[PDB]
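# Structure at a glance
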Amino acid sequence: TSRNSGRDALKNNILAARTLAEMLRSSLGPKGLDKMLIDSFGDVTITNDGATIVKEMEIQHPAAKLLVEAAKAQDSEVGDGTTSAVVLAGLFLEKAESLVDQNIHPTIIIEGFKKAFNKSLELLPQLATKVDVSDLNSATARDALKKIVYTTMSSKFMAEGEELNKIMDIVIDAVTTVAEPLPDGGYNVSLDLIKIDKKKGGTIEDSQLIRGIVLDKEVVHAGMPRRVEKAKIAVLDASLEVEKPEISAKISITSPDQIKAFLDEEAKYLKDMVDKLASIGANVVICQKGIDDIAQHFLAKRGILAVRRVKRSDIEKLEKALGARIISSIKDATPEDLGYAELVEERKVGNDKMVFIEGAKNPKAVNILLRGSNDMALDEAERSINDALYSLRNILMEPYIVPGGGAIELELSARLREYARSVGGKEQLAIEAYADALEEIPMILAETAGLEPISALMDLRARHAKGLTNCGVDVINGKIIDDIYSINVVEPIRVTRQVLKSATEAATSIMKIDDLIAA
Amino acid sequence: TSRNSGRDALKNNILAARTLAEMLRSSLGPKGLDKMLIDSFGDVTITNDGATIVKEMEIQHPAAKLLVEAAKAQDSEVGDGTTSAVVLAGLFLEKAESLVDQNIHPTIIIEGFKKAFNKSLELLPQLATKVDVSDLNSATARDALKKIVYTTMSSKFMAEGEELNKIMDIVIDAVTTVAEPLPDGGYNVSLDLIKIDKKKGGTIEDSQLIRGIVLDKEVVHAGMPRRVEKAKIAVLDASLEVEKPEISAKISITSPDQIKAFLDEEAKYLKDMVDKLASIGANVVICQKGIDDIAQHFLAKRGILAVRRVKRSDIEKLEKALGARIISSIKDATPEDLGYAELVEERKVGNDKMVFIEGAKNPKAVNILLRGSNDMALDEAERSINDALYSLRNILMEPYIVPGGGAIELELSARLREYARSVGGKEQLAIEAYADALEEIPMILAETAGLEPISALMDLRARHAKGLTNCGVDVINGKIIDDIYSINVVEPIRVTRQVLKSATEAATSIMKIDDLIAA
Amino acid sequence: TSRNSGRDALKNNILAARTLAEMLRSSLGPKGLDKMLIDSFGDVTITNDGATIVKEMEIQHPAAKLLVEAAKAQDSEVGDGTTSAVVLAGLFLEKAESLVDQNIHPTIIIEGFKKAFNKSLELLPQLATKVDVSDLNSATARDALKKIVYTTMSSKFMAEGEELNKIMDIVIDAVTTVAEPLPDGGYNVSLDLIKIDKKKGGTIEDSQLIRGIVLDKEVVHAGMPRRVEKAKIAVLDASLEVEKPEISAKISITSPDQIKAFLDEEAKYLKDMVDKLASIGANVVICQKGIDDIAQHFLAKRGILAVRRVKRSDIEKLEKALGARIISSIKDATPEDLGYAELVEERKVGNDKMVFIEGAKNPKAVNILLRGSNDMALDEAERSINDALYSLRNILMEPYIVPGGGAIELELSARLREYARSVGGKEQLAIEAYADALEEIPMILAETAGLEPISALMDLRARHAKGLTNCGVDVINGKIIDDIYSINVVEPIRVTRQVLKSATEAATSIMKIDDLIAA
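Residues numbered from 1 in each chain as written, not as in the entry; some residues may be left out. Chains lettered and ligands numbered in written order. Part of a larger assembly, values for the part shown. Heavy atoms only, no water.

Structure determination for the deposited model, as stated in its record, used cryo-EM, and the stated resolution is 4.9 Å.

### Topic: the interface of chain A and chain B
Spelled out, the test is: Two residues form a contact once any of their heavy atoms are found within 4.5 Å. Accessible-area loss on putting two parts together, using a 1.4 Å probe and summing over both, is the definition of buried area adopted here. In the sections that follow, a salt bridge refers to a side-chain nitrogen of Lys or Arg positioned within 4 Å of a carboxyl oxygen of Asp or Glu. For the purposes of these results, a polar contact is taken to be a pair of N or O atoms within 3.5 Å, where, inside protein, one atom must be able to donate a hydrogen and its partner to accept one; residues adjacent in sequence count only when each atom of the pair is a side-chain atom. Each helix corresponds to a stretch of at least 4 residues labelled H or I by DSSP, and each strand to a stretch of at least 2 residues labelled E; elements are numbered beginning at the N terminus.
Between chain A and chain B, the residue contacts involve 26 residues of the former and 25 residues of the latter. For the pair chain A and chain B, the summed buried surface comes to about 2300 Å²; carbon and sulfur atoms form 65% of the total. One can count 2 salt bridges joining chain A with chain B. Between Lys 512 of chain B and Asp 34 of chain A there is a salt bridge, with the nearest N and O atoms lying 2.6 Å from each other. Linking chain A to chain B there are 11 residue pairs in polar contact. Going through the elements one at a time, helix 1 (8-24), strand 1 (35-38), strand 2 (44-47), helix 8 (256-280) and helix 14 (443-448) of chain A are the ones with two or more residues in the side of chain A that touches chain B.

### Quick word on the packing of helix 6 (residues 144-155) of chain C against helix 11 (residues 376-397) of chain C
Packed helix pairs are specified by the crossing angle of their axes together with the interaxial distance, meaning the distance between the axes. Residues and elements named next belong to chain C. The criterion, for reference: Angular values range over 0 to 180 degrees, each being the angle between N-to-C directions of two axes fitted as lines to C-alpha atoms, with helices fitted over their stretch in contact. Roughly parallel refers to an angle under 35 degrees, roughly antiparallel to one over 145, roughly perpendicular to one between 65 and 115, and oblique to any angle outside these ranges. Crossing handedness is defined as follows: a turn of the near helix away from the far one that is anticlockwise and smaller than a right angle gives a left-handed crossing, while the clockwise case is right-handed.
At a minimum axis distance of 9 Å, the contact between helix 6 and helix 11 shows a crossing angle of 135°. In terms of their interaxial angle, helix 6 and helix 11 are classed as oblique. Helix 11 is crossed by helix 6, and the crossing has right-handed handedness. In this structure, helix 6 contributes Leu 145, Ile 148, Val 149, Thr 152 and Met 153 to the contact, and helix 11 contributes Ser 384, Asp 387, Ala 388, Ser 391, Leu 392 and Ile 395.

### Considering the sheet that holds strand 10 (residues 339-349) of chain A
Residue and element names in this part refer to chain A. Let me state the cut-off plainly: Pairing between two strands requires that DSSP report at least two bridges joining them.
Spatially, the 6 strands line up as an open sheet ordered 6-11-10-7-8-9, and their pairing is mixed. Every interior strand has two partners, whereas the edge strands, strand 6 (213-215) and strand 9 (305-307), have only one. Along the sheet, successive strands turn relative to each other by an average axial angle of 35°, direction set aside. As defined by bridge partners, strand 10 adjoins strand 11 (residues 352-358) across 7 bridges and the pair is classed as antiparallel. By the bridge assignment for strand 11, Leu 343 is matched with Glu 358. Contacts from helix 10 (residues 312-322) reach strand 6, strand 7 (227-236), strand 8 (284-287), strand 10 and strand 11 within the one sheet, and its direction differs from that of strand 7 by about 120°.

### What about the nonpolar core?
It is characteristic of soluble globular proteins that their nonpolar side chains tend to be buried jointly. In plain terms, the rule: In this description, a nonpolar core means a group of buried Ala, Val, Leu, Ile, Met, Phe, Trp, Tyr and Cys residues linked to one another through side-chain atoms lying within 4.5 Å. Burial classes: relative accessible area under 20% of the type maximum marks a residue as buried, over 50% as exposed, and values in between as partly exposed (1.4 Å probe, protein chains only).
Core analysis: the biggest nonpolar cluster contains 130 residues, and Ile 109 and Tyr 434 of chain A have the highest contact counts within it. Here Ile 109 of chain A is in contact with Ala 96, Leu 99, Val 100, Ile 104, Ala 430 and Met 511 of chain A, once residues within four sequence places are set aside. Core analysis: the next-biggest nonpolar cluster, separate from the first, contains 59 residues, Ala 71, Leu 99, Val 100 and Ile 104 of chain B among them.

### What about the arrangement of the chains?
Between chains A and B lies the most contact-rich interface of the 2 pairs of chains that touch. With no contact between them, chain B and chain C keep their nearest C-alpha atoms 15 Å apart.

### Side note on the sheet that holds strand 5 (residues 208-210) of chain B
All names here are of chain B. Judged by pairing direction, the sheet is mixed, and its 3 strands sit side by side in the order 4-13-5 without closing on themselves. The strands lining the two open edges of the sheet, one partner per strand, are strand 4 (194-200) and strand 5. Shown here is a sheet whose adjacent strand axes are inclined to one another by a mean of 25°, direction ignored. Note: strand 5 against strand 13 (residues 366-372), 3 bridges, orientation antiparallel.

### Let's talk about the interface of chain C and chain A
This is how it is decided: Charged residues are taken to be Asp, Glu, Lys and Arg, nonpolar residues to be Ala, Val, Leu, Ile, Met, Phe, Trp, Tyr, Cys and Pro, and polar residues to be all remaining types, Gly included.
Each partner contributes to the interface: chain C provides 10 residues, whereas chain A provides 10 residues. Looking only at chain C, the three residues that lose the most surface to chain A are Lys 426, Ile 454 and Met 458 of chain C, adding up to 60% of its buried area. Across the chain C-chain A interface, the total number found is 2 salt bridges. Between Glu 452 of chain A and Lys 426 of chain C there is a salt bridge; the shortest N-O distance is 2.8 Å. Counting across the chain C and chain A interface gives 2 residue pairs in polar contact. Secondary-structure elements contributing two or more residues to the side of chain C that touches chain A are helix 13 (425-438) and helix 15 (453-466) of chain C. In terms of residue count, the dominant contributor to the side of chain C that touches chain A is helix 15 of chain C (4 residues). Tallied by class, residues from the side of chain C that touches chain A come to 4 nonpolar, 3 polar and 3 charged.

### Considerations on unusual backbone geometry
Phi at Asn 137 of chain B is positive, roughly 65°, even though this residue is not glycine. In this fold, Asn 137 of chain B is placed in the loop between strand 3 (129-130) and helix 6 (144-155). Despite not being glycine, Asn 470 of chain C has its phi angle at roughly 110°, a positive value. On the secondary structure map, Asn 470 of chain C appears in the loop between helix 15 and strand 16 (472-474).

### Some remarks on the pairing of strand 13 of chain B
Residue and element names in this part refer to chain B. For strand 13, a buried count of 6 out of 7 residues is recorded, marking the element as mostly surrounded by other parts of the structure. Sheet topology note: the strand 4/strand 13 ladder contains 7 bridges and is parallel. For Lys 195, the partnering residue across the bridge sits in strand 13 and is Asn 367.

### Comments concerning the environment of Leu 15 of chain C
Residue and element names in this part refer to chain C. For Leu 15, the location among the structural elements is in helix 1 (residues 8-24). Exposure remark for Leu 15: the relative accessible area of 41% places this residue in the partly exposed category. Taking C-alpha positions, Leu 15 is 26 Å from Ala 446, a pair spaced 431 residues apart along the chain.

### Points about helix 7 (residues 162-178) of chain B
Residue and element names in this part refer to chain B. We apply this condition: Here, expected helix span is obtained from the residue count minus one, scaled by 1.5 Å.
For helix 7, which comprises 17 residues, the first-to-last C-alpha distance of 26 Å matches the rise-based estimate of 24 Å (1.5 Å per residue) to within 8%. The set of residues buried in helix 7 consists of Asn 165, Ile 167, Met 168, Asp 169, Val 171, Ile 172, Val 175, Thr 176 and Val 178. As for helix 7, its buried residues are in contact with helix 6, strand 4, strand 5, strand 13 and helix 11 (376-397). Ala 179 occupies a position one or two residues after helix 7 and carries a positive phi of about 85°.

### A look at the relation of the copies chain C and chain A
Inclusion rule: The superposition method for the copies is least squares, with the C-alpha atoms as the fitted set.
Rotating chain C by 180° and translating it 0.2 Å along the rotation axis places it on chain A, where the RMSD comes to 0.6 Å. Both copies of the chain, as the preceding transformation shows, are related through a two-fold rotation axis.

### Topic: helix 4 (residues 81-101) of chain C
Residue and element names in this part refer to chain C. In a regular helix each residue adds 1.5 Å, so 21 residues correspond to 30 Å; helix 4 covers 31 Å between its end C-alpha atoms and thus fits that length. Of all 21 residues in helix 4, 15 are buried, a share of seventy percent or more. After helix 4 finishes, the residue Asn 103 shows a positive phi value of roughly 60°.

### Notes on the side chain of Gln 74 of chain B
Residue and element names in this part refer to chain B. Here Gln 74 is to be found in helix 3 (residues 62-75). Among the polar contacts made by the side chain of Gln 74, one reaches the side chain of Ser 502 at a distance of 2.7 Å. When neighbours within four sequence positions are excluded, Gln 74 is seen to be in contact with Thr 82, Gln 498, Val 499 and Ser 502.

### Concerning the packing of aromatic side chains
Heads up, the rule is: Any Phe, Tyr or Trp ring, taking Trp's six-membered ring, that has another such ring centre within 6.5 Å forms a pair; planes under 30 degrees apart are called stacked, those over 60 apart edge-to-face, and the others tilted.
Considering all chains together, one arrives at 9 aromatic pairs over all chains under this definition. A ring pair is formed by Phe 92 of chain B and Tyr 434 of chain B, whose centres lie 4.4 Å apart and whose planes are at 25°; its orientation type is stacked. Of the two residues, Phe 92 of chain B sits in helix 4 (residues 81-101) while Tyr 434 of chain B sits in helix 13 (residues 427-439), which places them 342 residues apart along the sequence. Exposure remark for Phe 92 of chain B: the relative accessible area of 1% places this residue in the buried category. Both rings, one in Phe 113 of chain B and one in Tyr 434 of chain B, keep their centres 5.5 Å apart while their planes meet at 55°; by these two values the pair is tilted. In this pair, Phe 113 of chain B sits in helix 5 (residues 106-121) while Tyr 434 of chain B sits in helix 13, placing the two residues 321 residues apart along the sequence. Like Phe 113 of chain B, the residue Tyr 434 of chain B is buried in the burial classification. By the ring-pair criterion, three or more aromatic residues cluster together here, those being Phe 92, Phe 113 and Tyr 434 of chain A.

In structure tokens:
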């Protein structure tokens, strides 16, 4: 059992967490420097994604494991902020450590950072920008929605891709149509209710939203109906497979006719099962855990359109949208538990076959069909719609946006270095370190762009002093910019709010740990 | 888990990828020096193709694995450009490396190589000379084609074969007619529609084009037809073989009659299979994964010509030209699925048998039969034919040529060093280091030819300075030359355009990376 | 020969001058911890003066030697400031090392300290207080002068000496009469004209100012007048000694009588010289490099009081006051080169003999006579008189006084962190780190007294802000206190002005020096 002294243990934990942070920080910006990641299997992986470098690397120091655990817990809400969140966490820790070095109790530092964060959450709804809950059915004369998709695409990659951007703006318009509203000013839109299916080949301009369901399956037998009109769809949980007692009958393999007599006995049990489904009057069937080949001939003969591996999430929606009820087993199929579609057809997308389900009693869920060239251009175009889907769902589910390019932070740093003056003993030194820590974000972006960082930090400060919140620095420009609102660089409120929660959580947690005992 | 520092890693990853390049460049061009490559298993291989030397050699340090990935991707498109492209990537990395020593942020270098490159792509169709689409047919009084077929042979070889060259020039002529032409000086007949079969024995002059398809896999038994007139061809995917249950029926060895009856029951399943075919009335039959021995005897008894092991691609052409169906299995065969040939014969090439299907409506794919010599002299003559088809294909899909021997590069270097003047700031040093790198190609050619390089540059610069888009150095000649068109040293555009595309890709990617993390 | 790198060399010369300062600071202020210093010859020495601790110790590194030279030069003007001055140089330097770490060029840091210092100089007349220029006929009902002498003893001692302190107050009152009036409203008075003579074997109460001069000496032979009335004083540069030629006669040991006759010739020239002085009619004579015993026997016979060893400074104060002429040698003694005194007498002080010259036309110089007990208690009563006289000569030669207890410093730091708002660029950044360095003085005095420094700085910072100027921290009381004037902790303007002058000199000097080449 490995022991560690106090003083020493906190310094040793600030260093691991701090080593992770300054290592992620070459990759912080929207042109940030890409990492190279070799596995023990020796495959190389080059990315600028920050949630991917924590997952891909051996980390073992317990305080470095806490900081990835914070990143991971953050990784489900955001892709860029979870990068920014680790950098911020690291910059708070190296200021806390300077107060501990003046022998100041960490308890007080924790309490003065708690009052800082708290002041900050009452300044960001006033420092925020409020847009319309509905620009003429929330999407007309396009404006806002186009800038979020042109911006998010430029920030995540840049290069060439205008004929991709316009299609992505049309998709984003189609999701915006879906949307039904909350009396606050948010919306009841949901990523989860959105489902995106990608098919190989041709043009990205041929991608569309669907109100009903698309099944990406190619559907089992060529002889089954290629259109069904007024379809009664049965959904069944189990395999279409024989039901038999567990302990298994034995015949000799040294008699020929009996190997055929087990095989034919199980095969007349399947032909019974298919007759029960054609007696039920089903025109389509879904079976989630498989259909035998003999049974697929008998379903095709009786004229029934059968689907295999339709995954649990897609079934819940098909149930819910056509009014089915999930049936456990083929004896258990029963004639009013069947749901209903106007039609079910097979349609080719990019030469490949595909089943589109429509005429649906309620589909809350929607489907987007994405057709396009190759694999790298298709995977990348899906990813790109994803980044654009997620910015739209953050402005839809909360109407407030805040300016970016170092703005928000510089204002907290000046109101907090005004707050911290009215504050009393030993609490004021902690608070004024948290005001400086927001000032340590912002300038690093200007160094990423190839420009001096310290003269860019002072000139934003004096612009912030004579003017107001407007000013900032743009990595994509390479320069200080008069007015951030002008270059489209508004950000969702939720990318700030979460990284100030997860940086103040990771740093207060490394401050709160005075000992470490290891087996 | 091996860690490495930022800034430190960028230099180590340029060195590694610069070292690879600097080892391969002595093998560049038509006198370049050969490497010897010994495998782990001990196999020695002496070569000077550059895509082959990276395939055959172990590479371990990740930034030299990246340049190999650039080689790899270019090797799918060209065989000649890939040798050049790896060296080019070295000449760009060593000007970038000096800019990193002057402390100029990579974001700027990345962007200046980019502005230099964007200018170059708009200088290379104005530097290009465009010949003809096909006024009076392409190859008539042969000339331009004869020049590429003699010029490719000079590069790829440089020894006697005047009596090989007239034959290659003739084969090229034959291919060139086919064409299937595309708008605005394009063409559609290509490498994946060209098929070359080489058969031993006698002269290369006996080589021919075929409009139909040529099958190398022999007609089987002697007692089958060796010529079919007005042939009914059946095409079949599956093996002609006995199909039977999973768990395998057993009849004891110590009942010796009943094993013999089990065998003859399986011979009655085979003779049935053949008798179905003979009932369909297919005078020819093909089975892709095989014909049974009994089954080959019955097809011969009935007077049916059967072919075995024919490859997926050859089958598709044979489908398309005879109007046939690829049938799944003897059970799937049914009486509208048969194609049609005016004749089918077995014809002897250097004594040996070969099956030619011909008189086939509407084929786009062609077959070239190359007869000749024993074996080493025939594999080199097929290879020589390939090399001549690839120049003829770079000329067919764009009828654009660019002067070689350093003419396009020395001309981009002066036009970029004029462009780089009109650009301001430290980004002008960046444009001007990419003009310096093209001028770093070219003089290396003069040293490989056994001449002083720096004095050859000054002679080349002065003829390039008093005239315009002319003069070069030629490794074959072993001099400098006023008239570089005139000695036939001109290149198709697609070998330039790609190797300058794949050197900027590789070098731009090796710059963006600041970390390397290894398990 | 050892060489050193740029920036490295500079950091090492900042490290040596830092270690000196932060070691000299444990002795700071009047509660300061004393050092013990043992010499190479083993001599033990205990002191807390900083100009002594640098003298009694070997300091090796050249940049630390430079700082002793800045201390040596400052010790010659003040005995309190030079201690404070070492500490002030280290505290500016450790802020400079942070700016150098910010990658700021020294030329910009030097120019911002120059602008901080010129701003500081226009701030020290505004903070400055002028009491009077003449104070009811000066030292009258004494009050202000009583307080500076009692305070200077209380900082210098802090134990029983009340009945010396009162004597010291009479002596300061006596020196004040002397002081002559400048039209600035200052007073000309000079330490080079103040003289104190200490005799063992009494009580302090019997100490006096004298207008005329005191000769400390016992004055040679008792046989001469021990009181002279209307004294004609001869002053003589040389020895009363033979003038015989250097290339000189010799005499044999065995010619016994001629040896006695050479001895009597050197005594008969000395007796002529003495008779020559006596014909001139002199009554006192001073010979500064000596009196022969024969010349003393003969000078007492003529009723003449001769003095030996009267040093060159004392000799000028006696010349100017008696209207004498310093004569070179007895041959040059001549009758009107004599000065005149009303009387010259011997008076017994502490039972010890002492000679007083008085009735002097126009002396500027004064003499203070110091009686006391023992030897150690007399040297200390001398030292106590010294330091208080030194505090009078600084209040008298400039009529400006300033507050103490870290009042001036806390006030410069806040006015500069307002100056620095009207300044721009990287020289603003440098001004604001100097301002911070003044804030680092002050709180260390509260730690010598046992208080908490960060809590004594927050209570002073809020009291200096909500209250108003003359706020400080008293190390002798042990408190933060408002109106430090009340406590009597007012200093001369010249002890602050100089200690900022010499610190800003040492720190600029170690900053202008790039290299160090050492043999």
